[PDB]
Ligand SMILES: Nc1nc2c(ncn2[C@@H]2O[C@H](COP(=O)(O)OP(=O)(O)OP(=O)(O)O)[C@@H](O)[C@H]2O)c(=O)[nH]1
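Have a look below at one chain only, the form deposited without guanosine-5'-triphosphate, in C-alpha cells format.
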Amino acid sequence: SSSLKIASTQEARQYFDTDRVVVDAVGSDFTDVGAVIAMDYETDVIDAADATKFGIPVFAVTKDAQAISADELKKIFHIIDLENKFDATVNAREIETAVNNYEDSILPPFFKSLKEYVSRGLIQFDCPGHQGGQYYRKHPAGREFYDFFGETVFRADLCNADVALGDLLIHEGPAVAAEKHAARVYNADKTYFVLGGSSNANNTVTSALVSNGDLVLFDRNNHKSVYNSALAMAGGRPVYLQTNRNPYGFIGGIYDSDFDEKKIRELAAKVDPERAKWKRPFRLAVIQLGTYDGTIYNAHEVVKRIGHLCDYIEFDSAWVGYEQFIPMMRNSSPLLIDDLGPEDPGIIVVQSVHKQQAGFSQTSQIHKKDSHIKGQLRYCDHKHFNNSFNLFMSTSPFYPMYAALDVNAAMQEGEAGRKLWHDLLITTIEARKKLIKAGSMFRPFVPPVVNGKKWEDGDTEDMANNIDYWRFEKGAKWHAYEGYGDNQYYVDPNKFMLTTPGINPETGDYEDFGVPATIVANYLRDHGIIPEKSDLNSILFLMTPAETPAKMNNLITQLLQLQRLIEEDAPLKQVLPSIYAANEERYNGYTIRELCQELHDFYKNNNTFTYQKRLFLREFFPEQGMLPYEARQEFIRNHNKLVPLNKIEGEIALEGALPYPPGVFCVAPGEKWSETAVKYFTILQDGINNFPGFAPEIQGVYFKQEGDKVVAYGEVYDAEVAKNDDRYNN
C-alpha cells in the first residue's frame, strides 16, 4: 500500500498487522482500498468488495476455516487464522504483497511510470523552463497560480530529456506501451494518442490519406475540422449526403436513401472517370458516428452499404466512444466489426476523450483498424500515418495530459469499467421518469410508448439493456425525422436532452406559446448549473459516470422551480435577474410570459425550422462556385471583400457560415451564398437586434455596428481585386 489504504471491519482490525498503512472501516466505495480484511461471517462486506468488480483481494479472518463454505471461498483471496500467532508476520507480508500487486495491476503503463519518475525528486535542468513550477513561485502572480493548481501538476510537467517515460512521438517505452494498451482495450490495430483535440486528430487522418484532387464522400453534418482538413486543406472533392433535420432543429443522421450504390455514383458527378470507372471512387468517406443531438448510427449497416466505395472510412465519433462498452449499443461500434475482409474498407475512429469519456480537454485518440487490407496499394501504413501525426502533434506534448488518456483506457477496461457505465443508465433512466411523472414541461426526447406501456413505465433495469427504448422507429409520430429507416438509428442515452414547449408533435408546426430553451439555459446558469447547449426548443446535458442521483435531482429542483414560475407569470426581473439588470430598458416591466411569447413569435412568424431543414437537404445546398481548396487560396491571397448580409446573396464565400443552431457550416468555403442561408442568417441577425442578452452564436460572419443595429458581413470572392493583381496572372 504505497498510497492505497486498507479497509478492515472492527472485528478484523485486531487480527492483522499491516499497521504500516491507513486502515478504515467498510461503508467504503472501495476506490482507495488495496486489500479488504473482514471476518468470514461478515458476508456482506465480502460481497460489497466483490460487486464493485474491482479485483481487491479479500482476506477472511476465521476461527474455523474448515467451516467456510466453498461458495464463500470463491469470493476471498486468503484466509487468516485468528487463533495462530506464529503466522502474524507472514500474514502481514501476505497482505502487503497483495496490496502491492493489486496496485501494480490497476495502473496503466504510462501513468505508473510518470508517477514513479516524480517520486524520485530529480533535479530538472531540462525544459519546461519553469522546472518544477519553481519559476512560478518566485513571483506573486506565479505563486497564486502555483498554489492554485498545486506542486504536482508542475512536477510532473516533463519533456523529451526525461527518457525513462519514453518517446511519445516515435512511440517508445512507456509512451508506446500505453498506446498499445489503448489498442487492446479498444479492439483496434493502433491507437495514436492525440493531445491537440479531435480537431487536430482529423487533421492527421485526412492529411495522411487524402491526396490533392481525391474524392471525399462527405457527411454534411461534419464538424468544421473535417471540412477544413479534408477539403479546404488536403484539397479533396466532397460529394455530400443530405441530412435529416426536424421541427426541433435537431441534428439527425444521413438519409436512409442517400446510402444507395447507384445513387452515390451518379451523385459523384464530380469526376466521371474517378466514379464511372472505379470499384472505390472515394479515397475516404468521413461520417459522424454520433451527432451532438443524440442520433447514433449503426456502424454495422454503413460499412456494409458503402464500404466497397471507399478505401478507408473515418468515423468521427467525438460525441461517443462508450457505445462499445454498453451492451445494447454494440451495433453502433465500428471497432466491434470483427469479420473484415480484404474487400471492405480500412476503418478509422476519431474520438475526443475529453468530451464524454475520461480526459482533460484537448485529449483524443485515433483508432486505426486497417490490417484487413494490409496487403493493398491503397493500404496506409504507420510510417505514413505517423508522418501526419507528426505534422500536428507538438514536439512537446503536455505529459500529465497524456497520462489522462492512459487512465481513461484502464477505466473503460474490464467488467468494472463496463459496470460503471451501466450504473449511469440506471440513474439517468430514473431522473427522466421523475421529470415525466412530476409533470415537467421540459421532456426527455424519448419514445412516448414502447411495448404497449409508456416509456416511463418500463423496468429501468430492462431499459438499461433494452435498445427498444432508445430507437428512432421508421415513421415517427414523435421524433419528426423524415428520412430514416429500420434499425438504422438509435437515441444516445448519455445525452440527457429535453425539449421545450412551443413545437407541436402530431402537427409538427409551432404552437401558440413556446418557451425558448435559452430562457431555460440562462435560468439554470443563474442557479449554479451549467447546461452544455441550448438551441431554440431544446436544452442538452452531457452524461458520464460522474453523475450522481443528488446531482440529477439537483437539476430537477431547478427545472421544477423554473416551471412553477413560468406558469405563475412572475416578473422577468426575478426569473432572469442579470439579463433584466443589463437590458433593464428593453425588458422593462416584462413578465416571463411576455418574453416567451415575444421570442416565440419571432421564429414562428419567421418560419424558422423550415429553413434549418433545407440547409442540409440536397435539393437546397448552395452552389459550388469554387472548389474548397481554391476558395481558400483566393482568401489567403486577399482576393476578397466584405459583402453585407442582405446583398450577399449568390456571392462566393471564402469562409464557412457557422450559425447556432446547428453549429455546422451552412455555406462551405467556395460555395456561393444561397437564398436559404441568407434568410436563416437574417432570422438570427435580426434576432440579435431584438433580443439583447439572447443573441445566437455565429461564425464566419462579422457584425459591423450600423447605428442602432449591428450588421453581419462575410468575406466573399472579389474577382476584380483578384483580376487586377499582377502577382498572379502569368
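From 1 onward, residues are counted along the sequence shown.
There is another form of the same protein, the form solved in complex with guanosine-5'-triphosphate; it is not shown, and what comes next is about it.
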(request) Would you kindly say which of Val271, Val176, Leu267, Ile106 lies with a heavy atom within 4.5 Å of guanosine-5'-triphosphate in the deposited bound form? (result) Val176
(request) Answer with one of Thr500, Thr191, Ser534, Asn298: the residue that has a non-hydrogen atom within 4.5 Å of guanosine-5'-triphosphate in the deposited bound form. (result) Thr191
(request) With guanosine-5'-triphosphate left out here, work out from 150 to 158, 91 to 99, 578 to 586, 163 to 171 which stretch has heavy atoms within 4.5 Å of it in the deposited bound form. (result) 163 to 171
(request) With heavy atoms only and a cut-off of 4.5 Å, decide whether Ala183 touches guanosine-5'-triphosphate in the deposited bound form. (result) yes
(request) Give a yes or no for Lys551: in the deposited bound form, does one of its heavy atoms lie within 4.5 Å of a heavy atom belonging to guanosine-5'-triphosphate? (result) no
(message) Residue-level contact is defined here as any heavy atom of the residue lying within 4.5 Å of guanosine-5'-triphosphate in the deposited bound form; does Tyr379 satisfy this criterion?
(response) yes
(request) Answer with yes or no whether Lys374 is in contact with guanosine-5'-triphosphate in the deposited bound form, where contact means some heavy atom within 4.5 Å. (result) yes
